[PDB]
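Just below is one structure, and these are the notes that go with it.
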Amino acid sequence: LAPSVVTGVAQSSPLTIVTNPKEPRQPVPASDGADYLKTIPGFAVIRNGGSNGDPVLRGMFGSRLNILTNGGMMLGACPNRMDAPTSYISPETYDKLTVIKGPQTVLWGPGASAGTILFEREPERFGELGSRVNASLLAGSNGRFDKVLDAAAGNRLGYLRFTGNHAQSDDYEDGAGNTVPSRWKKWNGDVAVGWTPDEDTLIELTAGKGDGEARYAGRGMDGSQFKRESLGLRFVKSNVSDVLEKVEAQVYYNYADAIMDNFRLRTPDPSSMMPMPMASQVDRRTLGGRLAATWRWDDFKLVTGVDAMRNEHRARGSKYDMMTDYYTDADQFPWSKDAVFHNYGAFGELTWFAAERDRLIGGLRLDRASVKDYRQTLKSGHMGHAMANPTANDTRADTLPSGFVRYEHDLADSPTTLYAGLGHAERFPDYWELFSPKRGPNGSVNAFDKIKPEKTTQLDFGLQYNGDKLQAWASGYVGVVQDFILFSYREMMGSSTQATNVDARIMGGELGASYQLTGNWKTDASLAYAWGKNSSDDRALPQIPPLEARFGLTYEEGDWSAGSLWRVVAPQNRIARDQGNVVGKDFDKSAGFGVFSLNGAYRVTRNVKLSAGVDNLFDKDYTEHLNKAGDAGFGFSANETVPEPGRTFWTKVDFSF
Ligand SMILES: [Cu+2]
């Protein structure tokens with residue numbers, strides 16, 4: 066019951082991880098959902114700068130992970146992804162983080178070929194009048210301050226709750242003492258009044274605001290705003306009937322409003338392109354909903370339901386007077402909408418509790434996806450001159466069925482669990498894969514017209530051991546991807563992208579173990595590996611993270627613990643130069659490295675606990691393979707992968723009344 070700083074999370078269920086995001090973590094994470102995922106084998110991150118990095122599971126990027134917030138989808142607005150759905154997540158304000166790896170549920174949304182990611186606040190629960198409160202201040206290296214506060218009130222009949230937070234940091238320094246252009250600033254706020262007449266009933270109303278900024282070393286333009294709004298409603302009922310157990314119906318509305326410029330967080334680099342002040346305001350509106358009933362009756366259980374979603378994108382950008390010098394910011398011009406996405410689907414997950422020692426799970430879902438191209442001109446003539454968009458007001462759709470079957474079995478003698486499982490998944494294309502690139506497949510009108518859905522057929526096997534003193538888990542995967550969406554780069559003349567559809571093989575795994583040595587000594591270990599190949603070009607896939615290992619040693623006695631952790635990462639030699647995705651590209655083979663860190667935590671009293679840690683003790687100078695290239699407007703020669711941070715100190719008090 067001693068405290069602890071989190072250095073890793075073992076696999077709880079098969080293919081499932083469940084962590085508490087309110088616990089302190091060793092490589093101390095930004096106010097950002099991608100960072101609270103680094104602590105789970107299988108997860109790399111594209112560094113942009115301070116925060117707001119693009120998550121990556123088993124080498125797969127972007128929408129292939131289905132990243133949810135209270136069951137609802139929080140989508141970004143920028144066409145280059147400086148606001149991935151993680152950028153609007155501050156995980157501290159959430160109670161639970163589940164991750165389902167591989168395409169092994171149909172319950173939570175469409176076309177999660179790579180994996181599923183859940184951020185949940187669990188409903189408040191009282192009994193008599195009451196009031197909880199938790200708070201955490203956090204301070205460390207480089208002007209880093211994080212406040213966070215969660216607070217309830219209510220009784221048997223209802224409740225009210227306010228989570229919020231505020232975080233920020235200044236430009237950090239790398240291992241060679243450079244100042245990396247990468248501050249940030251963030252705040253969130255969320256009310257949640259909930260009504261609970263019988264103990265078999267619940268409604269919940271959720272309003273939220275949020276905003277933030279982020280300097281980006283990797284790009285020629287900074288986030289000076291990622292405003293958010295969010296309203297939503299959740300309805301659930303317990304035991305309608307001897308068979309019908311739950312009825313879950315809910316709605317969400319998530320609006321993302323994101324200004325992005327080159328003058329409010331930096332001076333415009335006159336040297337090359339964009340020597341002009343330029344803003345670009347963009348927004349993204351999301352409405353969607355979900356309805357599911359559950360039926361436990363026999364050695365059997367079944368979740369069937371439908372859901373649907375619609376989202377809308379609009380953009381508008383400054384113009385500069387090249388000759389009189391009268392900048393006119395982008396808000397004085399009309400919101401110019403450009404894309405609309407629709408989805409409707411119906412799903413089912415049937416579970417068979419054969420024996421104690423055998424389970425069977427099989428899920429199916431059918432989806433109907435649609436998108437309309439609302440852009441009338443396209444900025445892509447000569448010097449980007451206005452051209453007639455040959456897909457103006459067009460609209461395509463598709464009905465895309467996914468499914469899976471998983472077989473878990475518990476060995477007779479020892480606490481071991483084996484599991485194999487097959488799954489097939491189809492994903493309609495992204496905003497950024499349809500609209501962002503400047504060229505579609507090789508002989509086409511644009512990308513919207515020709516890019517094809519992505520079909521992934523993946524095999525997921527693995528095992529679990531829950532010993533008295535030894536815990537160990539293994540998850541592996543081998544699978545193939547049809548019409549994998551892929552980006553290609555080439556040198558007003560910046561760099562131009564071509565999205566194509568290629569055929570690709572993939573395979574990898576993760577594995578981990580922890581051993582309880584003495585009652586005070588604990589050692590833990592975790593390994594993570596990914597492999598991917600472009601089958602239709604006899605070449606490796608781009609942007610795959612190289613082999614990675616982490617070794618943990620901790621000591622604890624009743625009231626406190628301390629620990630140290632070892633991260634060693636192999637070099638990536640399989641690259642795909644000038645091929646990547648909408649945020650980034652493979653260019654150069656990466657260098658292995660290792661980085662050591664130290665943590666400790668100390669429980670003062672029932673209500674207050676204390677931890678602190680040191681990050682990258684020996685101040686290693688290193689950069690990670692996935693990280694972007696640096697602007698060269700901050701001093702970045704050629705394709706300089708944006709460096710990691712150096713040695714770093716942080717401390718954090720966790721209050722809990
Ligand atoms: Cu942007």
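The UniProt record's numbering puts the sequence shown at residues 66 to 556, 558 to 723.
Yeah, the Cβ is synthetic: ideal placement off N, Cα and C, and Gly gets one too.
Whether residue i touches residue j by CB criterion (7 Å)
| i | j | result |
| --- | --- | --- |
| residue 289 | residue 329 | yes |
| residue 281 | residue 145 | no |
| residue 216 | residue 225 | no |
| residue 109 | residue 93 | no |
| residue 199 | residue 229 | no |
| residue 208 | residue 235 | yes |
| residue 697 | residue 285 | yes |
| residue 425 | residue 417 | yes |
| residue 610 | residue 223 | no |
| residue 590 | residue 567 | no |
| residue 464 | residue 490 | no |
| residue 612 | residue 656 | yes |
| residue 592 | residue 141 | no |
| residue 98 | residue 247 | no |
| residue 75 | residue 587 | no |
| residue 454 | residue 440 | yes |
| residue 359 | residue 311 | yes |
| residue 227 | residue 258 | no |
| residue 132 | residue 119 | no |
| residue 70 | residue 677 | yes |
CA-to-CA distance, residue j to residue i, given in whole angstroms
| i | j | result |
| --- | --- | --- |
| residue 411 | residue 153 | 28 Å |
| residue 664 | residue 585 | 20 Å |
| residue 163 | residue 659 | 30 Å |
| residue 553 | residue 565 | 6 Å |
| residue 672 | residue 262 | 33 Å |
| residue 476 | residue 531 | 12 Å |
| residue 624 | residue 66 | 7 Å |
| residue 485 | residue 471 | 6 Å |
| residue 646 | residue 149 | 17 Å |
| residue 101 | residue 449 | 40 Å |
| residue 451 | residue 558 | 13 Å |
| residue 707 | residue 688 | 10 Å |
| residue 231 | residue 508 | 49 Å |
| residue 422 | residue 304 | 27 Å |
| residue 415 | residue 309 | 14 Å |
| residue 185 | residue 337 | 45 Å |
| residue 130 | residue 675 | 34 Å |
| residue 339 | residue 277 | 24 Å |
Whole-Å CB distance - residue i paired with residue j, under 8 Å assumed
| i | j | result |
| --- | --- | --- |
| residue 535 | residue 481 | That pair is no contact at about 11 Å. |
| residue 167 | residue 525 | 4 Å |
| residue 557 | residue 156 | No atoms are given for residue 557, which sits in the stretch of the chain between 556 and 558 that the model skips. |
| residue 563 | residue 504 | 7 Å |
Residue range of the beta strand (DSSP E) that includes residue i
| i | result |
| --- | --- |
| residue 257 | 249-260 |
| residue 631 | 626-635 |
| residue 439 | From DSSP, residue 439 is part of no beta strand (DSSP E); its letter is neither H nor E. |
| residue 662 | 659-669 |
| residue 414 | 401-417 |
| residue 547 | 535-555 |
| residue 358 | 345-361 |
| residue 318 | 309-323 |
Residue i versus the options, residue with shortest Cα-Cα distance
| i | options | result |
| --- | --- | --- |
| residue 319 | 166, 348, 301 | 348 |
| residue 352 | 386, 407, 338 | 407 |
| residue 390 | 342, 369, 377 | 342 |
| residue 654 | 702, 73, 637, 385 | 637 |
| residue 597 | 463, 543, 486 | 543 |
| residue 344 | 326, 331, 360, 357 | 326 |
| residue 81 | 107, 100, 95, 68 | 107 |
| residue 375 | 388, 350, 365 | 350 |
| residue 466 | 176, 137, 90 | 176 |
| residue 669 | 687, 572, 719 | 719 |
| residue 545 | 334, 309, 533, 523 | 523 |
| residue 205 | 265, 95, 147 | 95 |
| residue 302 | 431, 603, 269 | 269 |
| residue 501 | 648, 578, 397 | 648 |
| residue 147 | 479, 165, 127, 634 | 127 |
| residue 378 | 346, 583, 394 | 346 |
Start-to-end residues for the alpha helix (DSSP H) that takes in residue i
| i | result |
| --- | --- |
| residue 496 | 496-499 |
| residue 524 | It is not in any alpha helix (DSSP H) - residue 524 instead sits in the beta strand (DSSP E) that spans 519-531. |
| residue 102 | 100-103 |
| residue 475 | Residue 475 -> not in any alpha helix (DSSP H); beta strand (DSSP E) instead, spanning 467-475. |
| residue 514 | 512-515 |
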